[PDB]
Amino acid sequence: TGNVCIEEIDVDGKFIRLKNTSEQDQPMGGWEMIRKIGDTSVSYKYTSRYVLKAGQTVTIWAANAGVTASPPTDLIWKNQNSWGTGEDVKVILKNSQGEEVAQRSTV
């Protein structure tokens, strides 16, 4: 038994990282990663066939973070830019059922 964890929300707001601490691979098709900052929420939807393998991490970078896409461990959030430090951010992870399965709030 393990689970998908929101491992880190970049303090300089360029990326968000998830980790499958479980021994079993976990398909992410449909799963939704919601970035909330104040009154605005932006949703990142994982592709239909994306799988976060056991013990693997996946980092979602801002399209302007200057990082090049390196699937499957590093993806680029198309059209979403960095949010800069000092910004109270909240990340919600919803499974392929619309039901929450994790949450993390920076302070």
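Residue positions are given as counts along the sequence shown, with the first one as 1.
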_If you take the mean CA temperature factor per stretch, which one wins between 20 to 28 and 94 to 102?_
94 to 102
*Output the stretch having the higher mean C-alpha B factor in the entry; the candidates are 52 to 60 and 39 to 47.*
39 to 47
*Comparing against every modelled residue in the chain, figure out the third that the C-alpha B-factor of residue 81 lands in (lowest, middle or highest).*
middle
*Taking the chain's C-alpha temperature factors as the reference, tell me which third residue 75 falls into: lowest, middle or highest.*
lowest
